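Asks: As input, take protein-v6.pdb (PDB, C-alpha atoms (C1' of nucleotides)):
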ATOM      1  CA  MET A   1     118.256  91.938 -14.423
ATOM      2  CA  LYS A   2     121.029  91.487 -11.826
ATOM      3  CA  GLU A   3     119.546  91.144  -8.341
ATOM      4  CA  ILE A   4     120.623  91.479  -4.719
ATOM      5  CA  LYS A   5     120.194  88.601  -2.219
ATOM      6  CA  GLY A   6     120.815  89.304   1.520
ATOM      7  CA  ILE A   7     120.308  87.957   5.083
ATOM      8  CA  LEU A   8     117.928  90.135   7.190
ATOM      9  CA  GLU A   9     118.544  89.756  10.971
ATOM     10  CA  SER A  10     115.828  90.792  13.494
ATOM     11  CA  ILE A  11     117.623  92.914  16.118
ATOM     12  CA  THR A  12     114.145  93.777  17.412
ATOM     13  CA  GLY A  13     111.015  91.678  17.010
ATOM     14  CA  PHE A  14     108.318  92.490  14.480
ATOM     15  CA  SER A  15     104.539  92.080  14.224
ATOM     16  CA  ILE A  16     102.344  92.221  11.085
ATOM     17  CA  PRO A  17      98.528  91.951  11.097
ATOM     18  CA  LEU A  18      96.814  89.955   8.352
ATOM     19  CA  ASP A  19      93.337  90.892   9.774
ATOM     20  CA  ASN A  20      90.501  88.566  10.953
ATOM     21  CA  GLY A  21      92.858  87.722  13.841
ATOM     22  CA  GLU A  22      95.470  86.349  11.392
ATOM     23  CA  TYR A  23      99.222  87.138  11.856
ATOM     24  CA  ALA A  24     102.327  86.378   9.726
ATOM     25  CA  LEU A  25     105.368  84.260  10.743
ATOM     26  CA  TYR A  26     107.484  86.264   8.212
ATOM     27  CA  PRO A  27     107.268  89.856   6.857
ATOM     28  CA  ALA A  28     106.004  90.365   3.275
ATOM     29  CA  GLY A  29     108.013  92.204   0.605
ATOM     30  CA  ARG A  30     105.236  94.814   0.512
ATOM     31  CA  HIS A  31     106.624  96.126   3.811
ATOM     32  CA  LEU A  32     110.146  96.156   2.329
ATOM     33  CA  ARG A  33     108.835  98.182  -0.628
ATOM     34  CA  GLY A  34     106.988 100.557   1.711
ATOM     35  CA  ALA A  35     109.986 101.199   3.970
ATOM     36  CA  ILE A  36     112.346 101.509   0.986
ATOM     37  CA  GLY A  37     109.989 104.004  -0.651
ATOM     38  CA  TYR A  38     109.789 106.016   2.583
ATOM     39  CA  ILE A  39     113.557 106.300   2.854
ATOM     40  CA  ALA A  40     113.795 106.951  -0.897
ATOM     41  CA  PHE A  41     111.476 109.927  -0.382
ATOM     42  CA  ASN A  42     113.647 110.783   2.621
ATOM     43  CA  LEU A  43     116.605 110.671   0.223
ATOM     44  CA  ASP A  44     114.578 112.934  -2.178
ATOM     45  CA  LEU A  45     115.512 110.460  -4.935
ATOM     46  CA  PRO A  46     114.092 109.581  -8.378
ATOM     47  CA  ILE A  47     113.231 106.052  -7.111
ATOM     48  CA  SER A  48     110.726 107.629  -4.693
ATOM     49  CA  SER A  49     108.586 108.666  -7.673
ATOM     50  CA  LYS A  50     109.010 105.130  -9.022
ATOM     51  CA  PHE A  51     107.809 103.935  -5.643
ATOM     52  CA  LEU A  52     105.179 106.703  -5.365
ATOM     53  CA  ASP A  53     102.639 105.199  -7.779
ATOM     54  CA  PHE A  54     102.661 101.880  -5.816
ATOM     55  CA  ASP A  55     102.543 100.330  -9.330
ATOM     56  CA  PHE A  56     106.040  99.887 -10.799
ATOM     57  CA  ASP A  57     107.364  96.354 -11.582
ATOM     58  CA  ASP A  58     110.759  97.879 -12.593
ATOM     59  CA  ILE A  59     112.122  96.254  -9.425
ATOM     60  CA  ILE A  60     110.348  93.218  -8.004
ATOM     61  CA  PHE A  61     110.195  93.147  -4.218
ATOM     62  CA  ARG A  62     110.110  89.526  -3.058
ATOM     63  CA  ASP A  63     108.736  88.443   0.310
ATOM     64  CA  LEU A  64     111.099  88.264   3.282
ATOM     65  CA  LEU A  65     110.692  84.545   3.879
ATOM     66  CA  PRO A  66     112.841  83.322   6.806
ATOM     67  CA  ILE A  67     116.176  81.787   5.861
ATOM     68  CA  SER A  68     116.264  78.378   7.511
ATOM     69  CA  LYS A  69     119.047  77.011   9.714
ATOM     70  CA  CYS A  70     120.111  74.308   7.238
ATOM     71  CA  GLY A  71     117.472  74.758   4.557
ATOM     72  CA  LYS A  72     117.589  77.627   2.101
ATOM     73  CA  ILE A  73     114.079  79.035   2.625
ATOM     74  CA  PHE A  74     110.901  77.737   4.223
ATOM     75  CA  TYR A  75     108.332  76.678   1.589
ATOM     76  CA  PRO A  76     104.603  77.253   2.153
ATOM     77  CA  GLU A  77     102.149  74.521   3.076
ATOM     78  CA  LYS A  78      99.120  73.789   0.905
ATOM     79  CA  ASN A  79      96.100  75.751   2.239
ATOM     80  CA  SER A  80      98.019  76.661   5.398
ATOM     81  CA  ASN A  81     100.258  79.401   6.757
ATOM     82  CA  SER A  82     102.692  76.876   8.260
ATOM     83  CA  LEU A  83     106.207  77.207   6.796
ATOM     84  CA  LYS A  84     108.377  74.119   6.279
ATOM     85  CA  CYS A  85     111.869  74.134   4.862
ATOM     86  CA  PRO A  86     112.994  71.166   2.692
ATOM     87  CA  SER A  87     116.171  70.371   4.654
ATOM     88  CA  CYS A  88     114.865  68.972   7.988
ATOM     89  CA  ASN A  89     111.493  70.499   8.973
ATOM     90  CA  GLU A  90     111.913  73.685  11.126
ATOM     91  CA  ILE A  91     108.181  74.425  11.216
ATOM     92  CA  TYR A  92     108.062  78.158  11.994
ATOM     93  CA  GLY A  93     104.277  77.908  12.474
ATOM     94  CA  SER A  94     102.755  80.051  15.200
ATOM     95  CA  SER A  95     105.535  79.507  17.765
ATOM     96  CA  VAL A  96     107.206  82.850  16.994
ATOM     97  CA  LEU A  97     103.858  84.594  17.554
ATOM     98  CA  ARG A  98     103.532  85.362  21.262
ATOM     99  CA  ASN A  99     100.572  87.250  22.792
ATOM    100  CA  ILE A 100     101.714  90.574  24.392
ATOM    101  CA  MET A 101      99.824  93.385  26.203
ATOM    102  CA  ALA A 102     101.155  96.977  26.559
ATOM    103  CA  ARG A 103      99.275  98.932  29.280
ATOM    104  CA  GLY A 104      95.997  97.618  27.864
ATOM    105  CA  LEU A 105      97.282  97.302  24.272
ATOM    106  CA  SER A 106      96.862  93.621  23.429
ATOM    107  CA  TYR A 107      98.416  92.275  20.212
ATOM    108  CA  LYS A 108     100.894  89.595  19.049
ATOM    109  CA  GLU A 109     104.587  89.662  18.090
ATOM    110  CA  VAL A 110     107.451  87.633  16.564
ATOM    111  CA  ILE A 111     110.697  86.379  18.210
ATOM    112  CA  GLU A 112     113.707  88.413  17.081
ATOM    113  CA  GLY A 113     117.044  86.892  16.104
ATOM    114  CA  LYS A 114     115.552  84.616  13.438
ATOM    115  CA  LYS A 115     117.112  85.179  10.019
ATOM    116  CA  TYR A 116     115.123  86.451   7.039
ATOM    117  CA  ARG A 117     116.006  86.128   3.364
ATOM    118  CA  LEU A 118     115.997  89.114   1.002
ATOM    119  CA  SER A 119     116.006  89.254  -2.791
ATOM    120  CA  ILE A 120     115.312  92.382  -4.834
ATOM    121  CA  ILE A 121     115.664  92.051  -8.607
ATOM    122  CA  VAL A 122     116.171  95.290 -10.549
ATOM    123  CA  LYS A 123     115.603  94.820 -14.300
ATOM    124  CA  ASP A 124     116.831  98.244 -15.461
ATOM    125  CA  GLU A 125     120.494  98.804 -14.608
ATOM    126  CA  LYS A 126     120.005 102.426 -13.459
ATOM    127  CA  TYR A 127     117.339 101.057 -11.126
ATOM    128  CA  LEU A 128     120.068  98.695  -9.903
ATOM    129  CA  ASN A 129     122.449 101.620  -9.284
ATOM    130  CA  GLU A 130     119.909 103.403  -7.106
ATOM    131  CA  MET A 131     119.122  99.985  -5.603
ATOM    132  CA  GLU A 132     122.726  99.482  -4.459
ATOM    133  CA  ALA A 133     122.728 102.958  -2.947
ATOM    134  CA  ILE A 134     119.495 102.380  -1.018
ATOM    135  CA  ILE A 135     120.777  98.878  -0.231
ATOM    136  CA  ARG A 136     123.925 100.403   1.276
ATOM    137  CA  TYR A 137     121.445 102.385   3.413
ATOM    138  CA  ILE A 138     119.852  99.030   4.363
ATOM    139  CA  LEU A 139     123.342  97.581   4.974
ATOM    140  CA  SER A 140     124.770 100.320   7.214
ATOM    141  CA  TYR A 141     121.550 101.602   8.812
ATOM    142  CA  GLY A 142     118.416  99.537   9.514
ATOM    143  CA  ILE A 143     115.287  98.389   7.700
ATOM    144  CA  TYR A 144     111.929  98.569   9.471
ATOM    145  CA  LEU A 145     108.947  96.318   8.680
ATOM    146  CA  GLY A 146     105.632  95.905  10.504
ATOM    147  CA  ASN A 147     103.344  97.945  12.761
ATOM    148  CA  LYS A 148     104.520 100.109  15.673
ATOM    149  CA  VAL A 149     107.656 100.596  13.566
ATOM    150  CA  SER A 150     108.316 104.052  15.039
ATOM    151  CA  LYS A 151     108.362 102.386  18.453
ATOM    152  CA  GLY A 152     111.154 100.199  17.054
ATOM    153  CA  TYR A 153     109.208  96.988  16.512
ATOM    154  CA  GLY A 154     110.665  95.483  13.354
ATOM    155  CA  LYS A 155     114.331  96.505  13.250
ATOM    156  CA  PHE A 156     116.192  94.482  10.615
ATOM    157  CA  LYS A 157     119.950  94.305   9.991
ATOM    158  CA  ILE A 158     121.800  92.862   6.978
ATOM    159  CA  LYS A 159     124.576  90.342   7.678
ATOM    160  CA  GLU A 160     125.519  88.590   4.403
ATOM    161  CA  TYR A 161     124.461  90.104   1.047
ATOM    162  CA  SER A 162     125.758  89.539  -2.512
ATOM    163  CA  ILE A 163     124.507  91.336  -5.618
ATOM    164  CA  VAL A 164     123.925  88.182  -7.685
ATOM    165  CA  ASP A 165     122.132  88.087 -11.036
ATOM    166  CA  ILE A 166     118.879  86.138 -10.806
ATOM    167  CA  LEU A 167     118.422  83.331 -13.325
ATOM    168  CA  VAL A 174     105.114  76.217 -10.426
ATOM    169  CA  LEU A 175     104.295  76.683  -6.740
ATOM    170  CA  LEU A 176     103.385  80.221  -5.668
ATOM    171  CA  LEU A 177     105.751  81.059  -2.805
ATOM    172  CA  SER A 178     103.779  84.259  -2.154
ATOM    173  CA  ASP A 179     100.036  84.756  -2.583
ATOM    174  CA  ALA A 180      99.173  86.319  -5.945
ATOM    175  CA  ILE A 181      96.210  88.599  -6.651
ATOM    176  CA  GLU A 186      90.353  83.786  -2.189
ATOM    177  CA  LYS A 187      92.908  85.260   0.212
ATOM    178  CA  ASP A 188      92.900  89.037   0.724
ATOM    179  CA  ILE A 189      96.424  90.473   0.797
ATOM    180  CA  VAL A 190      95.535  93.974   1.948
ATOM    181  CA  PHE A 191      97.888  96.935   1.454
ATOM    182  CA  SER A 192      97.767 100.733   1.525
ATOM    183  CA  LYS A 193      99.402 103.670  -0.264
ATOM    184  CA  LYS A 194      99.912 106.016   2.696
ATOM    185  CA  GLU A 195     101.831 108.740   0.871
ATOM    186  CA  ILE A 196     103.433 111.579   2.842
ATOM    187  CA  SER A 197     101.739 114.336   0.841
ATOM    188  CA  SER A 198      98.719 112.225  -0.171
ATOM    189  CA  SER A 199      97.834 111.077   3.348
ATOM    190  CA  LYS A 200      94.819 109.087   1.999
ATOM    191  CA  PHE A 201      94.932 105.541   3.382
ATOM    192  CA  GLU A 202      93.404 102.978   1.001
ATOM    193  CA  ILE A 203      93.038  99.443   2.373
ATOM    194  CA  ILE A 204      92.718  97.547  -0.918
ATOM    195  CA  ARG A 205      91.514  93.968  -0.361
ATOM    196  CA  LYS A 206      92.809  92.218  -3.477
ATOM    197  CA  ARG A 207      91.328  88.722  -3.709
ATOM    198  CA  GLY A 208      93.898  86.217  -4.912
ATOM    199  CA  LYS A 209      95.253  82.702  -4.926
ATOM    200  CA  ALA A 210      97.042  81.747  -1.707
ATOM    201  CA  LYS A 211     100.419  80.054  -1.227
ATOM    202  CA  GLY A 212     101.349  76.386  -1.250
ATOM    203  CA  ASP A 213      99.933  75.972  -4.767
ATOM    204  CA  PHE A 233     104.502  91.102  -5.562
ATOM    205  CA  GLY A 234     103.112  88.091  -7.403
ATOM    206  CA  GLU A 235     105.916  85.537  -7.388
ATOM    207  CA  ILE A 236     106.352  81.774  -7.641
ATOM    208  CA  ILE A 237     109.080  79.304  -6.696
ATOM    209  CA  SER A 238     109.769  76.075  -8.589
ATOM    210  CA  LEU A 239     111.097  72.770  -7.207
TER
ATOM    211  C1'   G B   1     105.632 104.738  -1.522
ATOM    212  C1'   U B   2     104.501  98.796   5.252
ATOM    213  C1'   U B   3      95.750  97.080   7.022
ATOM    214  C1'   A B   4     100.043 102.254   8.068
ATOM    215  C1'   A B   5     100.881 105.661  11.762
ATOM    216  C1'   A B   6      98.486 106.780  16.452
ATOM    217  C1'   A B   7      99.541 104.243  22.494
ATOM    218  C1'   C B   8     105.930 104.194  27.771
ATOM    219  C1'   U B   9     103.372  96.738  30.784
ATOM    220  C1'   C B  10     102.095 101.043  34.027
ATOM    221  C1'   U B  11     100.601 101.928  39.461
ATOM    222  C1'   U B  12     100.941  99.998  45.009
ATOM    223  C1'   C B  13     104.618  97.347  48.461
ATOM    224  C1'   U B  14     111.798  99.010  53.031
ATOM    225  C1'   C B  15     115.509  91.787  52.540
ATOM    226  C1'   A B  16     112.854  92.306  57.145
ATOM    227  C1'   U B  17     112.581  89.395  61.521
ATOM    228  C1'   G B  18     115.837  85.950  65.939
ATOM    229  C1'   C B  19     121.355  85.874  67.454
ATOM    230  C1'   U B  20     126.107  90.526  72.799
ATOM    231  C1'   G B  21     133.542  88.871  69.381
ATOM    232  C1'   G B  22     132.664  85.725  73.425
ATOM    233  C1'   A B  23     135.909  82.074  76.018
ATOM    234  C1'   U B  24     141.289  80.968  78.065
ATOM    235  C1'   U B  25     146.125  83.852  80.121
ATOM    236  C1'   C B  26     148.188  88.032  87.487
ATOM    237  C1'   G B  27     152.973  93.287  84.514
ATOM    238  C1'   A B  28     156.489  90.341  87.092
ATOM    239  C1'   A B  29     161.243  88.578  86.737
ATOM    240  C1'   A B  30     166.379  90.718  88.655
ATOM    241  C1'   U B  31     168.435  95.298  92.254
ATOM    242  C1'   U B  32     169.394  96.098 100.889
ATOM    243  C1'   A B  33     168.430 104.400 101.251
ATOM    244  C1'   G B  34     173.535 102.840 101.152
ATOM    245  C1'   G B  35     177.943 105.596 101.632
ATOM    246  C1'   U B  36     180.637 110.245 104.993
ATOM    247  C1'   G B  37     180.380 112.825 110.264
ATOM    248  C1'   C B  38     182.879 110.988 118.426
ATOM    249  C1'   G B  39     177.087 114.537 122.229
ATOM    250  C1'   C B  40     181.338 117.607 121.820
ATOM    251  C1'   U B  41     182.661 122.297 124.136
ATOM    252  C1'   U B  42     182.794 125.758 129.296
ATOM    253  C1'   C B  43     182.213 124.858 135.403
ATOM    254  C1'   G B  44     188.000 121.684 141.533
ATOM    255  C1'   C B  45     181.663 119.028 146.626
ATOM    256  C1'   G B  46     183.124 123.955 147.906
ATOM    257  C1'   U B  47     181.785 126.726 152.147
ATOM    258  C1'   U B  48     180.835 126.871 158.168
ATOM    259  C1'   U B  49     182.676 123.937 163.028
ATOM    260  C1'   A B  50     190.487 123.412 167.158
ATOM    261  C1'   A B  51     189.460 115.787 169.618
ATOM    262  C1'   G B  52     187.254 119.332 173.516
ATOM    263  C1'   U B  53     186.298 116.753 177.966
ATOM    264  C1'   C B  54     187.084 114.685 183.126
TER
END
Turn this file's structure into structure tokens for me.
Replies:
Amino acid sequence: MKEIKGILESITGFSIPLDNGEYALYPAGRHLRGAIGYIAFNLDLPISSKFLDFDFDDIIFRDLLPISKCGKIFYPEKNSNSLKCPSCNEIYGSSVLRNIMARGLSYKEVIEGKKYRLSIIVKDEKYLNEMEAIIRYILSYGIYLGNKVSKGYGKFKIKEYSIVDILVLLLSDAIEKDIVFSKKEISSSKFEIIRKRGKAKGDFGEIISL
RNA sequence: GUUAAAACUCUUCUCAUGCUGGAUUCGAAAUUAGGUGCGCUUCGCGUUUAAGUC
């Protein structure tokens, strides 16, 4: 199940609403899966159909946790959204969230130029082959995660990526917190905000050991 | 195949008001309207009257 680990760089700042006034310091892998499925359907590819069901564990999309300055990745706090990396502290917190208003449009947004980790593990090898093609599309062109994406909010650019085979605390929340998503298909324009109750972090279902 | 898309941080408002390139310094220092040229040329103070007289 060789994987691909890369460094996402925010050329433009992002914003992602977690509802009830909540916002995220880092983008979730659900957005990476959504954008990758959109450009796979733009490529008119087989992987698009694999993405089209919104239920395909063939490739596991991990969350785009921020790569720390000296630490590897910021680890979640118990019963909190604060992110702390092991090497030093670098508490991402709510500092990157800044309130903004746009001709009456009030909302919040994240500082660009902070690094983000990426890891997509493709079990099937043919899935890996289409993964390296759509990952070359992520490498040369850009990846877009968040809301007001078409305005440009959420531009992401790969710097350092290696296709490395991948060899407990839940790094990402696993389906009680409500990680809400939607399958907004191009043909099936039905928008389904599914509020999956699940265990939060600090304790794309994935876990990270010590 | 992102709680997504769907929304231009937009409209109004002149770097403007005061302050003179002004002050000081003479176009004068040197040079003679000088050099050449005869107021010359033509025209006789002539004409008239006895030193008479007793």
Asks: With only C-alpha atoms (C1' of nucleotides) considered, list every residue of chain A at most 7 Å from chain B, as a ChimeraX atom specification.
Replies: /A:30-32,34-35,37-38,48,51-54,101-103,145-146,190-195,203
Asks: What separation in Å, quoted to one decimal, exists between atom CA of residue 92 of chain A and atom CA of residue 166 of chain A?
Replies: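 Separation of atom CA of residue 92 of chain A and atom CA of residue 166 of chain A: 26.5 Å.
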Asks: Identify, on the basis of all atoms listed in the file, every residue whose closest approach to segment 78-83 of chain A does not exceed 7 Å; exclude the query and any residue fewer than 2 positions from it along the same chain; express the result as a list in words.
Replies: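 So, after excluding close chain neighbours, the residues are residues 74, 75, 76, 85, 91, 92, 93, 211, 212 and 213 of chain A.
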Asks: Find the residues around residue 67 of chain A up to 6 Å (all atoms listed in the file counted), leave out those fewer than 6 positions away in its own chain, and share them as number ranges by chain.
Replies: A: 73, 115-117
Asks: Output the residue selection produced by the PyMOL selection byres ((chain A and resi 149-154) around 9) on the file above, formatted as a list in words.
Replies: residues 10, 11, 12, 13, 14, 15, 109, 112, 143, 144, 145, 146, 147, 148, 155 and 156 of chain A; 5 of chain B
Asks: Please, could you write that set of residues out with C-alpha atoms (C1' of nucleotides) as a PDB file, in the coordinates of the input?
Replies:
ATOM      1  CA  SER A  10     115.828  90.792  13.494  1.00  0.00           C
ATOM      2  CA  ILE A  11     117.623  92.914  16.118  1.00  0.00           C
ATOM      3  CA  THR A  12     114.145  93.777  17.412  1.00  0.00           C
ATOM      4  CA  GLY A  13     111.015  91.678  17.010  1.00  0.00           C
ATOM      5  CA  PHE A  14     108.318  92.490  14.480  1.00  0.00           C
ATOM      6  CA  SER A  15     104.539  92.080  14.224  1.00  0.00           C
ATOM      7  CA  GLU A 109     104.587  89.662  18.090  1.00  0.00           C
ATOM      8  CA  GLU A 112     113.707  88.413  17.081  1.00  0.00           C
ATOM      9  CA  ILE A 143     115.287  98.389   7.700  1.00  0.00           C
ATOM     10  CA  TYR A 144     111.929  98.569   9.471  1.00  0.00           C
ATOM     11  CA  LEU A 145     108.947  96.318   8.680  1.00  0.00           C
ATOM     12  CA  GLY A 146     105.632  95.905  10.504  1.00  0.00           C
ATOM     13  CA  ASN A 147     103.344  97.945  12.761  1.00  0.00           C
ATOM     14  CA  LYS A 148     104.520 100.109  15.673  1.00  0.00           C
ATOM     15  CA  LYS A 155     114.331  96.505  13.250  1.00  0.00           C
ATOM     16  CA  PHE A 156     116.192  94.482  10.615  1.00  0.00           C
TER      17      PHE A 156
ATOM     18  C1'   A B   5     100.881 105.661  11.762  1.00  0.00           C
TER      19        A B   5
END
Asks: Rounded to one decimal place, report the atom CA of residue 18 of chain A-atom CA of residue 208 of chain A distance in Å.
Replies: 14.1 Å
Asks: Provide the atom CA of residue 60 of chain A to atom CA of residue 43 of chain A distance in Å, to one decimal place.
Replies: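 Straight-line distance from atom CA of residue 60 of chain A to atom CA of residue 43 of chain A works out to 20.3 Å.
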Asks: Write out as an MDAnalysis selection string which residues come within 9 Å of residue 6 of chain A when counting all atoms listed in the file, dropping same-chain ones fewer than 2 positions away.
Replies: chainID A and resid 4 8 116:120 158:163
Asks: Complete the atom set of segment 85-99 of chain A to N, CA, C and O atoms and return it as a CSV table (one decimal), in the coordinates of the input.
Replies:
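What follows is the written file selection_33.csv:
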chain,number,residue,atom,x,y,z
A,85,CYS,N,110.8,74.1,5.8
A,85,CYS,CA,111.9,74.1,4.9
A,85,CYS,C,112.1,72.7,4.4
A,85,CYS,O,111.8,71.7,5.1
A,86,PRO,N,112.7,72.5,3.2
A,86,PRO,CA,113.0,71.2,2.7
A,86,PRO,C,114.0,70.4,3.5
A,86,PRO,O,113.8,69.3,3.9
A,87,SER,N,115.2,71.0,3.8
A,87,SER,CA,116.2,70.4,4.7
A,87,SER,C,115.7,70.4,6.1
A,87,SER,O,115.4,71.5,6.6
A,88,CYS,N,115.6,69.3,6.7
A,88,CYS,CA,114.9,69.0,8.0
A,88,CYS,C,113.4,69.5,7.9
A,88,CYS,O,112.8,69.6,6.8
A,89,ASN,N,112.8,70.0,9.0
A,89,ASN,CA,111.5,70.5,9.0
A,89,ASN,C,111.4,72.0,9.3
A,89,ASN,O,111.1,72.8,8.5
A,90,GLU,N,111.9,72.3,10.5
A,90,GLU,CA,111.9,73.7,11.1
A,90,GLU,C,110.6,74.4,10.9
A,90,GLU,O,110.6,75.5,10.2
A,91,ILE,N,109.5,73.9,11.4
A,91,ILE,CA,108.2,74.4,11.2
A,91,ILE,C,108.1,75.7,12.0
A,91,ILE,O,108.0,75.7,13.3
A,92,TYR,N,108.2,76.9,11.3
A,92,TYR,CA,108.1,78.2,12.0
A,92,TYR,C,106.7,78.3,12.7
A,92,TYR,O,106.6,78.7,13.8
A,93,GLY,N,105.6,78.0,11.9
A,93,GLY,CA,104.3,77.9,12.5
A,93,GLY,C,103.8,79.2,13.2
A,93,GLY,O,103.8,80.3,12.6
A,94,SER,N,103.2,79.0,14.3
A,94,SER,CA,102.8,80.1,15.2
A,94,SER,C,103.6,80.1,16.5
A,94,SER,O,103.1,80.8,17.4
A,95,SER,N,104.7,79.5,16.6
A,95,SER,CA,105.5,79.5,17.8
A,95,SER,C,106.2,80.9,18.0
A,95,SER,O,106.3,81.4,19.1
A,96,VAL,N,106.6,81.5,16.9
A,96,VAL,CA,107.2,82.8,17.0
A,96,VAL,C,106.2,83.9,17.4
A,96,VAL,O,106.5,84.8,18.2
A,97,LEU,N,104.9,83.8,17.0
A,97,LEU,CA,103.9,84.6,17.6
A,97,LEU,C,103.7,84.3,19.0
A,97,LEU,O,103.4,83.1,19.4
A,98,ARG,N,103.8,85.3,19.8
A,98,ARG,CA,103.5,85.4,21.3
A,98,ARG,C,102.6,86.5,21.5
A,98,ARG,O,102.8,87.6,21.0
A,99,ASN,N,101.5,86.2,22.4
A,99,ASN,CA,100.6,87.2,22.8
A,99,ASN,C,101.3,88.2,23.7
A,99,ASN,O,102.0,87.8,24.6
